[PDB]
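*Asks:* Sending over start.txt (compact mmCIF, C-alpha atoms and all ligand atoms).
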```txt
# COMPACT_ATOMS: atom_id res chain seq x y z
CA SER H 1 -20.34 28.02 5.66
CA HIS H 2 -19.83 24.19 5.71
CA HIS H 3 -16.90 22.37 7.48
CA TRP H 4 -17.07 18.88 5.92
CA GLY H 5 -14.03 16.70 5.34
CA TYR H 6 -12.73 13.14 5.74
CA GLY H 7 -11.87 13.05 9.50
CA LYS H 8 -13.77 11.20 12.34
CA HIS H 9 -15.41 14.48 13.33
CA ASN H 10 -16.50 15.78 9.86
CA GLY H 11 -16.26 12.70 7.56
CA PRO H 12 -18.79 10.97 5.29
CA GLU H 13 -20.91 9.57 8.21
CA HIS H 14 -21.63 13.24 9.22
CA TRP H 15 -22.39 14.76 5.78
CA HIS H 16 -26.16 13.95 5.88
CA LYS H 17 -26.79 16.54 8.63
CA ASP H 18 -25.91 19.54 6.37
CA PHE H 19 -26.62 17.62 3.07
CA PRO H 20 -29.68 15.38 3.56
CA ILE H 21 -29.44 14.13 -0.10
CA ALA H 22 -26.47 12.09 1.31
CA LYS H 23 -29.17 9.44 2.08
CA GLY H 24 -30.82 9.81 -1.40
CA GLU H 25 -31.86 7.27 -4.05
CA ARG H 26 -28.90 7.77 -6.47
CA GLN H 27 -25.77 8.39 -4.37
CA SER H 28 -22.17 7.67 -5.46
CA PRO H 29 -19.85 5.91 -5.32
CA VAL H 30 -21.15 2.29 -5.50
CA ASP H 31 -19.63 -1.20 -5.51
CA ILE H 32 -19.62 -2.55 -9.10
CA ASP H 33 -20.62 -6.25 -8.89
CA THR H 34 -19.12 -7.53 -12.18
CA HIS H 35 -21.47 -10.59 -11.98
CA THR H 36 -24.71 -8.50 -11.94
CA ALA H 37 -23.70 -5.71 -14.37
CA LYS H 38 -25.27 -6.61 -17.71
CA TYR H 39 -23.73 -6.05 -21.15
CA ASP H 40 -25.89 -3.44 -22.98
CA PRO H 41 -25.88 -3.59 -26.82
CA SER H 42 -27.81 -0.25 -26.93
CA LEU H 43 -24.66 1.68 -25.71
CA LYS H 44 -23.06 3.75 -28.58
CA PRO H 45 -19.24 3.91 -28.89
CA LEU H 46 -17.53 6.16 -26.24
CA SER H 47 -15.78 9.22 -27.80
CA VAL H 48 -13.00 10.96 -25.76
CA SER H 49 -12.01 14.06 -27.86
CA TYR H 50 -9.18 15.76 -25.85
CA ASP H 51 -6.95 16.90 -28.83
CA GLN H 52 -7.75 20.63 -28.20
CA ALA H 53 -7.78 20.46 -24.33
CA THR H 54 -6.45 23.70 -22.72
CA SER H 55 -5.35 23.18 -19.08
CA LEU H 56 -4.96 26.45 -17.11
CA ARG H 57 -4.26 25.95 -13.41
CA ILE H 58 -3.91 23.45 -10.55
CA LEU H 59 -5.60 24.22 -7.21
CA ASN H 60 -5.44 22.61 -3.74
CA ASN H 61 -9.07 23.09 -2.53
CA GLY H 62 -8.50 21.45 0.94
CA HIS H 63 -10.31 18.25 -0.21
CA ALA H 64 -8.25 17.24 -3.30
CA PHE H 65 -6.42 19.12 -6.08
CA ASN H 66 -8.15 20.13 -9.31
CA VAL H 67 -6.48 20.56 -12.71
CA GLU H 68 -8.75 23.16 -14.35
CA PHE H 69 -9.46 23.49 -18.11
CA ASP H 70 -10.71 26.30 -20.36
CA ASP H 71 -14.37 25.24 -20.92
CA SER H 72 -15.45 28.55 -22.64
CA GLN H 73 -15.71 26.49 -25.95
CA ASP H 74 -15.95 22.76 -26.99
CA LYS H 75 -12.12 22.19 -26.70
CA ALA H 76 -12.14 18.83 -24.83
CA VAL H 77 -15.42 16.83 -24.89
CA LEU H 78 -16.87 13.43 -24.01
CA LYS H 79 -19.65 12.03 -26.25
CA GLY H 80 -21.22 8.65 -27.04
CA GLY H 81 -21.52 5.67 -24.71
CA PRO H 82 -24.66 6.29 -22.58
CA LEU H 83 -24.53 10.07 -23.22
CA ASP H 84 -26.96 12.18 -25.30
CA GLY H 85 -25.14 15.23 -26.74
CA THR H 86 -21.85 16.86 -25.82
CA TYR H 87 -20.18 17.09 -22.38
CA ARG H 88 -17.31 19.60 -21.89
CA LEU H 89 -14.24 18.82 -19.71
CA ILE H 90 -13.98 21.37 -16.85
CA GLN H 91 -11.52 19.72 -14.39
CA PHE H 92 -9.97 16.50 -13.18
CA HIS H 93 -8.99 15.42 -9.69
CA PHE H 94 -8.12 12.25 -7.74
CA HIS H 95 -9.12 10.43 -4.56
CA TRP H 96 -6.43 8.37 -2.81
CA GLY H 97 -5.53 6.44 0.35
CA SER H 98 -3.00 6.47 3.19
CA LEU H 99 -1.85 3.00 1.92
CA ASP H 100 -2.01 1.23 -1.49
CA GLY H 101 -4.94 -1.06 -0.38
CA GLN H 102 -7.47 1.81 -0.21
CA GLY H 103 -8.21 5.14 -1.93
CA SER H 104 -10.73 4.51 -4.73
CA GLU H 105 -14.38 5.56 -4.31
CA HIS H 106 -15.89 2.97 -6.67
CA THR H 107 -15.00 -0.64 -5.86
CA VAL H 108 -15.03 -3.67 -8.18
CA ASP H 109 -16.38 -6.84 -6.49
CA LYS H 110 -15.49 -4.99 -3.21
CA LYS H 111 -11.83 -4.45 -4.42
CA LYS H 112 -10.48 -1.00 -3.48
CA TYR H 113 -7.78 0.51 -5.74
CA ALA H 114 -4.95 2.84 -4.55
CA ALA H 115 -6.65 5.85 -6.14
CA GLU H 116 -9.33 6.97 -8.60
CA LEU H 117 -9.11 9.74 -11.23
CA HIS H 118 -12.32 11.72 -12.01
CA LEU H 119 -12.52 13.70 -15.30
CA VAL H 120 -15.55 15.99 -14.78
CA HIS H 121 -17.65 17.11 -17.79
CA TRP H 122 -20.84 19.18 -18.06
CA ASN H 123 -23.74 18.90 -20.58
CA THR H 124 -23.42 21.90 -22.98
CA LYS H 125 -27.27 21.95 -23.50
CA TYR H 126 -27.47 23.63 -20.00
CA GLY H 127 -25.05 26.45 -21.00
CA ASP H 128 -22.94 26.59 -17.77
CA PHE H 129 -21.68 24.18 -15.08
CA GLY H 130 -23.81 25.76 -12.32
CA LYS H 131 -27.02 25.12 -14.33
CA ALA H 132 -25.88 21.62 -15.37
CA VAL H 133 -25.49 20.42 -11.70
CA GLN H 134 -29.24 21.19 -11.16
CA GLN H 135 -30.18 18.58 -13.84
CA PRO H 136 -30.33 14.75 -13.56
CA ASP H 137 -28.23 14.48 -16.79
CA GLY H 138 -26.06 17.56 -16.13
CA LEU H 139 -22.62 15.93 -15.60
CA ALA H 140 -20.61 12.99 -16.94
CA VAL H 141 -17.68 11.87 -14.77
CA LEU H 142 -15.14 9.51 -16.32
CA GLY H 143 -13.62 7.44 -13.52
CA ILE H 144 -10.28 5.64 -13.90
CA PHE H 145 -8.74 3.36 -11.25
CA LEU H 146 -5.04 3.64 -10.29
CA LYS H 147 -3.03 0.65 -9.12
CA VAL H 148 0.57 0.80 -7.86
CA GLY H 149 3.12 -0.76 -10.23
CA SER H 150 5.03 0.87 -13.14
CA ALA H 151 5.24 4.72 -13.28
CA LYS H 152 2.73 6.57 -15.49
CA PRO H 153 4.91 8.99 -17.50
CA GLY H 154 1.89 11.20 -18.37
CA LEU H 155 1.21 11.72 -14.63
CA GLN H 156 4.71 13.01 -13.69
CA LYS H 157 4.05 16.72 -14.63
CA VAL H 158 1.18 16.62 -12.09
CA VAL H 159 3.37 14.91 -9.39
CA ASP H 160 6.17 17.48 -9.85
CA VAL H 161 3.91 20.59 -9.32
CA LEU H 162 2.36 19.27 -6.03
CA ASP H 163 5.29 20.74 -3.94
CA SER H 164 4.03 24.23 -5.07
CA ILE H 165 0.36 23.66 -3.91
CA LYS H 166 0.99 21.87 -0.59
CA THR H 167 -1.77 23.67 1.38
CA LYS H 168 -5.47 24.59 0.98
CA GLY H 169 -6.03 27.66 -1.26
CA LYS H 170 -2.65 27.41 -3.09
CA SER H 171 -2.74 27.33 -6.93
CA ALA H 172 -0.11 27.21 -9.68
CA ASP H 173 -0.12 27.86 -13.43
CA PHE H 174 -0.59 24.49 -15.19
CA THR H 175 -0.78 25.07 -18.96
CA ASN H 176 -0.22 22.60 -21.83
CA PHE H 177 -1.04 19.45 -19.79
CA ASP H 178 -2.44 16.62 -22.00
CA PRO H 179 -5.10 14.56 -20.19
CA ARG H 180 -4.86 11.84 -22.92
CA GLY H 181 -1.68 10.72 -21.04
CA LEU H 182 -3.86 9.54 -18.11
CA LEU H 183 -6.11 7.09 -20.12
CA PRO H 184 -5.65 3.30 -20.20
CA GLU H 185 -5.46 1.43 -23.56
CA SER H 186 -9.10 0.16 -23.38
CA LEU H 187 -12.24 2.37 -23.08
CA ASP H 188 -14.37 -0.64 -21.87
CA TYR H 189 -16.61 0.77 -19.08
CA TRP H 190 -19.46 0.37 -16.63
CA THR H 191 -22.14 3.07 -16.39
CA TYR H 192 -24.89 4.01 -13.89
CA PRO H 193 -26.79 7.12 -12.74
CA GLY H 194 -25.40 8.68 -9.56
CA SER H 195 -24.16 11.74 -7.74
CA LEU H 196 -21.23 13.96 -6.83
CA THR H 197 -19.18 11.99 -4.25
CA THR H 198 -18.57 15.12 -2.09
CA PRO H 199 -20.91 17.78 -0.76
CA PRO H 200 -23.18 19.05 -2.13
CA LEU H 201 -23.78 15.40 -3.25
CA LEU H 202 -26.11 16.50 -6.10
CA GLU H 203 -27.76 13.68 -8.09
CA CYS H 204 -26.68 15.04 -11.51
CA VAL H 205 -23.97 12.57 -12.69
CA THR H 206 -23.83 9.88 -15.37
CA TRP H 207 -20.89 7.79 -14.11
CA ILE H 208 -18.65 6.11 -16.70
CA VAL H 209 -16.07 3.93 -14.89
CA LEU H 210 -13.33 2.33 -17.05
CA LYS H 211 -12.65 -1.38 -16.39
CA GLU H 212 -8.89 -1.11 -17.10
CA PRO H 213 -6.88 0.59 -14.33
CA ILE H 214 -3.80 2.70 -15.07
CA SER H 215 -0.53 1.84 -13.25
CA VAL H 216 1.35 4.56 -11.30
CA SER H 217 4.54 4.12 -9.23
CA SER H 218 4.74 3.94 -5.42
CA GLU H 219 6.87 7.15 -5.64
CA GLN H 220 4.10 8.95 -7.63
CA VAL H 221 1.29 8.14 -5.13
CA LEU H 222 3.66 8.85 -2.14
CA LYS H 223 3.89 12.45 -3.51
CA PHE H 224 0.03 12.75 -3.49
CA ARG H 225 0.14 11.77 0.21
CA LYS H 226 2.50 14.71 1.04
CA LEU H 227 -0.25 17.24 0.25
CA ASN H 228 -2.10 18.90 3.15
CA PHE H 229 -5.82 19.39 3.89
CA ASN H 230 -4.86 22.40 6.08
CA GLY H 231 -3.97 25.96 5.06
CA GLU H 232 -0.44 27.45 5.28
CA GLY H 233 0.90 27.78 8.85
CA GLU H 234 -1.84 25.51 10.33
CA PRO H 235 -1.15 22.15 12.05
CA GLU H 236 -0.27 19.61 9.33
CA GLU H 237 -3.10 17.22 8.34
CA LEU H 238 -1.86 15.00 5.48
CA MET H 239 -4.25 14.85 2.48
CA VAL H 240 -4.92 11.09 2.53
CA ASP H 241 -8.10 8.94 2.52
CA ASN H 242 -10.13 11.65 0.73
CA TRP H 243 -12.62 8.99 -0.53
CA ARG H 244 -16.31 8.37 0.25
CA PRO H 245 -17.20 4.69 0.78
CA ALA H 246 -19.65 2.76 -1.42
CA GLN H 247 -23.32 3.83 -1.04
CA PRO H 248 -26.49 1.75 -1.45
CA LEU H 249 -27.30 0.83 -5.09
CA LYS H 250 -31.09 0.93 -4.38
CA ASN H 251 -33.20 0.83 -7.59
CA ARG H 252 -30.27 1.10 -10.05
CA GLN H 253 -28.69 -1.16 -12.69
CA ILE H 254 -25.01 -0.92 -13.69
CA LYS H 255 -24.55 -1.53 -17.45
CA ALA H 256 -21.36 -2.87 -19.10
CA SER H 257 -20.12 -1.72 -22.54
CA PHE H 258 -18.34 -5.09 -23.05
CA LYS H 259 -19.02 -8.88 -22.92
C1 LIG H 301 -15.93 24.11 -6.28
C2 LIG H 301 -15.85 22.79 -7.02
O1 LIG H 301 -14.79 22.19 -7.18
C3 LIG H 301 -17.11 22.16 -7.47
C4 LIG H 301 -18.21 22.91 -7.28
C5 LIG H 301 -19.56 22.65 -7.39
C6 LIG H 301 -20.53 23.61 -7.21
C7 LIG H 301 -21.84 23.07 -7.27
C8 LIG H 301 -21.86 21.71 -7.46
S1 LIG H 301 -20.27 21.09 -7.59
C9 LIG H 301 -17.11 20.85 -8.15
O2 LIG H 301 -16.86 20.75 -9.35
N1 LIG H 301 -17.39 19.86 -7.25
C10 LIG H 301 -17.27 18.49 -7.56
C11 LIG H 301 -17.05 17.96 -8.81
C12 LIG H 301 -16.94 16.59 -8.97
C13 LIG H 301 -17.06 15.73 -7.86
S2 LIG H 301 -16.88 13.97 -8.10
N2 LIG H 301 -15.89 13.46 -6.91
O3 LIG H 301 -18.20 13.39 -7.93
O4 LIG H 301 -16.25 13.78 -9.40
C14 LIG H 301 -17.29 16.28 -6.61
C15 LIG H 301 -17.41 17.66 -6.47
CL CL H 302 -6.85 -4.88 -11.52
ZN ZN H 303 -14.11 12.90 -7.44
```
Rewrite the structure from the file as C-alpha cells, please.

*Replies:*
Amino acid sequence: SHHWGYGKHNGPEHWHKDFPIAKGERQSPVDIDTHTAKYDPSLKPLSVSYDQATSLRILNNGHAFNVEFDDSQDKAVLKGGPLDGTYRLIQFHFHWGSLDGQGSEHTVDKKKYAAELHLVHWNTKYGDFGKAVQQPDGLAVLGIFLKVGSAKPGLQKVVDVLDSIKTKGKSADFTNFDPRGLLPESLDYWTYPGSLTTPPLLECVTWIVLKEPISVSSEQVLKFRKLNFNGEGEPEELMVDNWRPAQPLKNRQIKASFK
C-alpha cells in the first residue's frame, strides 16, 4: 500500500518513485498564462445541470475531504464547453493552504489563490468511474478558485460539518447539499488536457478552470485548516498545504472560452 502525502518526506517531489506518470506529458496542475491562452470560437456553451444533485456523505480521506453524490443516474451533469457527451458529478473536494497566499493547484500568471474547489465528473459512455479513469477523455474536473474576502453562504453547511470529520477515515451524513451555491456568477473558463493532481496521477482529465474566483471568509478557510491528515488518537498533523505545484505544460495549449 502507498504512503504518499504533502510532507517533506512523502510530498509531491517523491510521488514519481511509486507513480512514474508523475513525470508524464499531460500532468496537472499547470500555470495558466493568460497572455498565451487563446480564445477558441469552436468551444460550445458550458452546461452545469445540478438541479437534481443528490449529495450523500462527507469523508475525510487523509488527503482532503470529499462530498460524495449519488451518480447511479444522470442527476447532476456537466456538458458542453470542450466536452463530447455527458459527464456525471461523483464528488467535490478542495485544496488549500496554511496561509491565504497559497493553496490553489492551478495558478493564473503565477498567482496562487487561498484554495481551489474541484467538482469531479466522469464520462457516462464508459459506464463507471473506474473504467472512465483508464481513458484520456474519462473525467471532467471543474476547478474554481477561492479568495479570502466576504463569506460564501452556500459554503457554510460544509464548514459546519468539518468538526464531525476531523480525522482520516471519519465520515458524516451530508444529504440535501446544493453544489450550485459554490459557483461564481460567470462560467468563463480556461480548458486543457491533464491529469489527476494526486496519485495515481492518471492522464484522464479534461480540466475546465473558471476565471472568476468565489470569495469565502477568513473564518471559513480557518475551519478547513483545523482538519487533520492523521487518524483518531495519532499525533496531530493539520490538514494544510494539500496542493501539488504547477507541472510542465509541455506540448499543450490552454484555450479560453472568452475574449
Ligand atoms: C478514492 C478516491 O477518492 C479517488 C479514487 C480513484 C481511483 C482511481 C483513480 S482516482 C478519486 O476520485 N481520486 C481523485 C479524484 C480527483 C482528483 S483531482 N485533484 O485531480 O480533482 C484527484 C484524485
Ligand atoms: Cl482575482
Ligand atoms: Zn483536486

*Asks:* Name each residue within 6 Å of ligand LIG 301 (chain H), counting only C-alpha atoms and all ligand atoms, as a list in words.

*Replies:*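 So, counting only C-alpha atoms and all ligand atoms, the residues near ligand LIG 301 (chain H) are residues 118, 120, 133, 141, 196, 197 and 198 of chain H.
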
*Asks:* How many Å lie between atom CA of residue 168 of chain H and atom CA of residue 60 of chain H, rounded to one decimal?

*Replies:*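 For atom CA of residue 168 of chain H relative to atom CA of residue 60 of chain H, the distance reads 5.1 Å.
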
*Asks:* What separation in Å, quoted to one decimal, exists between atom CA of residue 27 of chain H and atom CA of residue 242 of chain H?

*Replies:* 16.8 Å

*Asks:* Within 6 Å of segment 65-80 of chain H, counting all atoms listed in the file, which residues qualify if same-chain residues fewer than 3 places away don't, as a PDB file with C-alpha atoms, in the coordinates of the input?

*Replies:*
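Below you can see around22.pdb, which holds the result:
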```pdb
ATOM      1  CA  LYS H  44     -23.060   3.750 -28.580  1.00  0.00           C
ATOM      2  CA  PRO H  45     -19.240   3.910 -28.890  1.00  0.00           C
ATOM      3  CA  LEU H  46     -17.530   6.160 -26.240  1.00  0.00           C
ATOM      4  CA  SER H  47     -15.780   9.220 -27.800  1.00  0.00           C
ATOM      5  CA  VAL H  48     -13.000  10.960 -25.760  1.00  0.00           C
ATOM      6  CA  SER H  49     -12.010  14.060 -27.860  1.00  0.00           C
ATOM      7  CA  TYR H  50      -9.180  15.760 -25.850  1.00  0.00           C
ATOM      8  CA  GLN H  52      -7.750  20.630 -28.200  1.00  0.00           C
ATOM      9  CA  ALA H  53      -7.780  20.460 -24.330  1.00  0.00           C
ATOM     10  CA  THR H  54      -6.450  23.700 -22.720  1.00  0.00           C
ATOM     11  CA  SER H  55      -5.350  23.180 -19.080  1.00  0.00           C
ATOM     12  CA  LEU H  56      -4.960  26.450 -17.110  1.00  0.00           C
ATOM     13  CA  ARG H  57      -4.260  25.950 -13.410  1.00  0.00           C
ATOM     14  CA  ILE H  58      -3.910  23.450 -10.550  1.00  0.00           C
ATOM     15  CA  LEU H  59      -5.600  24.220  -7.210  1.00  0.00           C
ATOM     16  CA  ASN H  60      -5.440  22.610  -3.740  1.00  0.00           C
ATOM     17  CA  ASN H  61      -9.070  23.090  -2.530  1.00  0.00           C
ATOM     18  CA  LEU H  83     -24.530  10.070 -23.220  1.00  0.00           C
ATOM     19  CA  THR H  86     -21.850  16.860 -25.820  1.00  0.00           C
ATOM     20  CA  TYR H  87     -20.180  17.090 -22.380  1.00  0.00           C
ATOM     21  CA  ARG H  88     -17.310  19.600 -21.890  1.00  0.00           C
ATOM     22  CA  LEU H  89     -14.240  18.820 -19.710  1.00  0.00           C
ATOM     23  CA  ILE H  90     -13.980  21.370 -16.850  1.00  0.00           C
ATOM     24  CA  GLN H  91     -11.520  19.720 -14.390  1.00  0.00           C
ATOM     25  CA  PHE H  92      -9.970  16.500 -13.180  1.00  0.00           C
ATOM     26  CA  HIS H  93      -8.990  15.420  -9.690  1.00  0.00           C
TER      27      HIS H  93
END
```

*Asks:* Just want the residues within 10 Å of ligand CL 302 (chain H), written as a VMD selection string, counting only C-alpha atoms and all ligand atoms.

*Replies:* chain H and resid 108 111 to 113 145 to 147 211 to 215

*Asks:* Could you tell me how far atom CA of residue 245 of chain H sits from atom CA of residue 37 of chain H, in Å to one decimal place?

*Replies:*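 Atom CA of residue 245 of chain H lies at a distance of 19.5 Å from atom CA of residue 37 of chain H.
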
*Asks:* Using only C-alpha atoms, collect all residues at a distance of at most 9 Å from (-11.3, 9.8, -4.9) as written in the file, then present them as a PyMOL selection string.

*Replies:* chain H and resi 64+93-97+103-106+115-118+197+241-244

*Asks:* Which is closest to residue 24 of chain H among H:210, H:238, H:227, H:201, if we use only C-alpha atoms?

*Replies:*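 Counting only C-alpha atoms, the residue closest to residue 24 of chain H is H:201.
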
*Asks:* Which one is closest to ligand ZN 303 (chain H): H:148, H:119, H:204, H:32? Count only C-alpha atoms and all ligand atoms.

*Replies:*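 Closest to ligand ZN 303 (chain H), using only C-alpha atoms and all ligand atoms: H:119.
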
*Asks:* Pick the closest to ligand ZN 303 (chain H) from H:140, H:8, H:186, H:131: which is it, counting only C-alpha atoms and all ligand atoms?

*Replies:*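 Of all the options, H:140 lies closest to ligand ZN 303 (chain H).
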
*Asks:* In terms of the shortest atom-to-atom distance over all atoms listed in the file, which of H:249, H:231, H:14, H:85 is closest to residue 169 of chain H?

*Replies:*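 Checking each of H:249, H:231, H:14, H:85 against residue 169 of chain H, counting all atoms listed in the file, the winner is H:231.
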
*Asks:* Find, counting all atoms listed in the file, the residue in H:246, H:21, H:182, H:151 that gets nearest to residue 217 of chain H.

*Replies:* H:151

*Asks:* Counting only C-alpha atoms, what is within 12 Å of residue 156 of chain H, bar same-chain residues fewer than 3 positions away, as a PDB file with C-alpha atoms, keeping the file's coordinate frame?

*Replies:*
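Final file, part.pdb:
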```pdb
ATOM      1  CA  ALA H 151       5.240   4.720 -13.280  1.00  0.00           C
ATOM      2  CA  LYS H 152       2.730   6.570 -15.490  1.00  0.00           C
ATOM      3  CA  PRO H 153       4.910   8.990 -17.500  1.00  0.00           C
ATOM      4  CA  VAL H 159       3.370  14.910  -9.390  1.00  0.00           C
ATOM      5  CA  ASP H 160       6.170  17.480  -9.850  1.00  0.00           C
ATOM      6  CA  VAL H 161       3.910  20.590  -9.320  1.00  0.00           C
ATOM      7  CA  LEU H 162       2.360  19.270  -6.030  1.00  0.00           C
ATOM      8  CA  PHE H 177      -1.040  19.450 -19.790  1.00  0.00           C
ATOM      9  CA  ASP H 178      -2.440  16.620 -22.000  1.00  0.00           C
ATOM     10  CA  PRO H 179      -5.100  14.560 -20.190  1.00  0.00           C
ATOM     11  CA  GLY H 181      -1.680  10.720 -21.040  1.00  0.00           C
ATOM     12  CA  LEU H 182      -3.860   9.540 -18.110  1.00  0.00           C
ATOM     13  CA  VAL H 216       1.350   4.560 -11.300  1.00  0.00           C
ATOM     14  CA  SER H 217       4.540   4.120  -9.230  1.00  0.00           C
ATOM     15  CA  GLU H 219       6.870   7.150  -5.640  1.00  0.00           C
ATOM     16  CA  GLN H 220       4.100   8.950  -7.630  1.00  0.00           C
ATOM     17  CA  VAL H 221       1.290   8.140  -5.130  1.00  0.00           C
ATOM     18  CA  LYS H 223       3.890  12.450  -3.510  1.00  0.00           C
ATOM     19  CA  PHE H 224       0.030  12.750  -3.490  1.00  0.00           C
TER      20      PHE H 224
END
```

*Asks:* Could you pull the residues within 9 Å of residue 207 of chain H, counting only C-alpha atoms, minus those fewer than 5 positions along the same chain, as JSON, numbers by chain?

*Replies:* {"H": [28, 139, 140, 141, 142, 143, 190, 191, 192, 193, 194, 195]}
